[PDB]
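Trainee: Attaching a single structure in structure tokens format; questions to follow.
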Amino acid sequence: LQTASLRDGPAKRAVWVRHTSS
Amino acid sequence: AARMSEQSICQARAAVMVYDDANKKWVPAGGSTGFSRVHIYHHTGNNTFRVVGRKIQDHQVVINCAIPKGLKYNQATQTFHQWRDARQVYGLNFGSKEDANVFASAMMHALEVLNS
Amino acid sequence: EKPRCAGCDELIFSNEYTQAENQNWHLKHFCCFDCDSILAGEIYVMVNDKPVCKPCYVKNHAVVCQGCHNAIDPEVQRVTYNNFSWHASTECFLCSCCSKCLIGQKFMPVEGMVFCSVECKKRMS
Ligand SMILES: [Zn+2]
Ligand SMILES: [Zn+2]
Ligand SMILES: [Zn+2]
Ligand SMILES: [Zn+2]
Ligand SMILES: [Zn+2]
């Protein structure tokens with residue numbers, strides 16, 4: 001018999017690259 | 001032509017579900033996770049059919065419904081089937097493609113009889 | 001060095017852009033394939049190699065748990081085997097015979113059903 005392997009969700013985050021204001 | 005008591009016309013292994021409309025979520029019938037044995041009964045004396053599912057660990061009955069002449073029995077996927085009554089949607093998650101094929105045939109046949 | 005955009009193949013001159021899939025994009029060239037929203041900042045999922053937003057995924061791109069028949073949230077972990085997947089939950093991924101949780105246990109699959117042991121597979125015929 002085999003073993004149960006938790007895989008990660010396919011979701012990712014789209015990173016919003018943007019500087020912080022003064 | 002017939003007989004004043006009831007008998008199984010088929011048997012299939014399935015997890016019996018109800019659709020929780022409040023929560024938009026399929027839940028185990030009777031509030032207990034697990035597979036049942038689901039039978040279709042034929043009562044030849046009255047010409048009625050019913051579905052009965054008792055959990056396999058438990059024997060607890062979790063469904064027991066006459067099969068209305070009008071039933072739309074929807075084979076949503078190859079091993080999940082479903083249908084409504086007035087108040088609710090019901091589903092069966094079959095253990096094998098095989099249990100789905102059998103049960104479906106038996107259902108098809110019961111409906112044919114019930115119209116015929 | 002200005003970052004290059006993987007969609008339109010040109011440089012990004014704006015001081016805002018998106019990073020996704022190991023790549024850079026003009027804000028407006030990384031968008032839900034289904035509803036066209038700008039994915040920047042937001043959760044998305046790759047289905048058939050096109051990015052979709054979270055609600056489009058939930059609404060038309062499935063992954064339905066073999067155990068409970070409900071969708072598996074694309075953010076959470078799940079157990080897969082072959083074409084099947086289950087919530088990583090004591091309610092979904094357990095033994096068909098004895099209810100024993102199988103997350104990170106040894107198991108035995110038979111189409112949909114899943115067991116902790118040969119014994120348990122040997123009951124259930
Ligand atoms: Zn671009
Ligand atoms: Zn979308
Ligand atoms: Zn589940
Ligand atoms: Zn077991
Ligand atoms: Zn067992």
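Cβ coordinates were reconstructed from backbone atoms using ideal geometry, including for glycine residues, and neighbour counts include every protein chain displayed. Just so you know, all these numbers are worked out from the coordinates, no wet-lab data involved.
Trainee: Nearest 20 debye, what's the magnitude of the dipole of the stretch C:63-125 about its Cα centre given +1 on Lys and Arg Cβ and -1 on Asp and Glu Cβ?
Mentor: The dipole of the stretch C:63-125 has a size of about 340 debye.
Trainee: Tell me, B:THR79, A:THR3, C:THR18 in order of fewest to most beta-carbon neighbours within 10 Å?
Mentor: Numbers: B:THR79 20, A:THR3 9, C:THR18 27.
By the 10 Å Cβ count, ascending, the order reads A:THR3, B:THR79, C:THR18.
Trainee: For the charge dipole of the stretch C:8-92, defined by +1 on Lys and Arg C-beta atoms and -1 on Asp and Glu C-beta atoms about the Cα centroid, which residue among C:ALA88, C:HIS61, C:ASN24 has the Cα displaced farthest towards the positive pole?
Mentor: Working it through, the farthest residue towards the positive pole turns out to be C:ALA88.
Trainee: Which order do B:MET107, C:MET46 fall in if you start with the one that has the fewest other Cβ atoms within 10 Å?
Mentor: On the way: B:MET107 21, C:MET46 16.
By the 10 Å Cβ count, ascending: C:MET46, B:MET107.
Trainee: Continuing with this model, one more query. B:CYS65's amide H: which non-local residues (gap 5+, or another chain) put their own amide H closer than 5 Å, with H modeled 1.01 Å from N in plane and none for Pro or chain starts?
Mentor: Amide H to amide H, under 5 Å and 5 or more residues apart or across chains, B:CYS65 pairs with B:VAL51.
Trainee: Further question: Can you compute 3J(HN,Hα) from phi for each residue in the stretch B:16-26, using the Karplus curve 6.51 cos²θ - 1.76 cosθ + 1.60 with θ = phi - 60°, rounded to whole Hz and x for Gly and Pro?
Mentor: 9, 10, 10, 8, 7, 6, 3, 9, 6, 5, 7
Trainee: At 222 nm, what value in deg cm²/dmol follows for the protein assembly as shown if DSSP H runs of at least 4 each add -39500 (n - 2.57) and the sum is divided by all its residues, to the nearest 500?
Mentor: Numbers: 3 runs with 31 residues, N = 263.
Mean residue ellipticity, 222 nm, calculated: -3500 deg cm²/dmol.
Trainee: Next question. From other protein chains only, count the Cβ atoms within 10 Å of every residue's Cβ in C:67-80, then give the mean.
Mentor: Working: counts 4, 8, 13, 7, 3, 2, 2, 5, 6, 4, 5, 5, 4, 4.
Rounded to a whole number, the mean comes out at 5.
Trainee: Between A:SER5 and A:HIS19, 0.36 nm times their residue separation minus their Cα-Cα distance comes to what?
Mentor: Details: separation 14, 0.36 × 14 = 5.04 nm, distance 3.94 nm.
Result for the pair: 1.1 nm of gain on full extension.
Trainee: In whole angstrom, note down how far apart the Cα centers of the stretch C:22-65 and the stretch B:56-114 are.
Mentor: Rounded to whole Å, the Cα centres lie 36 Å apart.
Trainee: Sticking with this one: Dipole of the stretch B:9-116 (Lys/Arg Cβ +1, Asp/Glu Cβ -1, origin at the Cα centre): which of B:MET108, B:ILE67, B:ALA29 lies farthest to the positive side?
Mentor: B:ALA29
Trainee: Under a plain spin-label model, where a point goes 7 Å from the Cα along Cα-to-Cβ, how far apart in nm are C:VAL76 and B:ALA22?
Mentor: In this crude label model, C:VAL76 to B:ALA22 measures out at 1.9 nm.
Trainee: Can you give the Rg to Rh ratio for the protein assembly as shown, taking only C-alpha atoms and Rh from Kirkwood? Provide the component values of the computation, followed by the final result.
Mentor: Numbers: Rg = 24.2 Å, Rh = 21.5 Å.
The Rg/Rh ratio comes out at 1.13.
Trainee: Same structure again: FRET efficiency for C:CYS101 and B:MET4, Cβ-Cβ distance as r, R0 = 51 Å, nearest 0.05? Please list the in-between numbers first.
Mentor: Details: r = 47 Å, r/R0 = 0.93.
Efficiency computed from Cβ-Cβ geometry: 0.60.
Trainee: Follow-up. Return one number: the angle in degrees, 0 to 90 and rounded to the nearest 10, between the long axis of the Cα atoms of helix B:97-115 and the longest principal axis of the Cα atoms of chain B.
Mentor: Once rounded, one gets 50 degrees.
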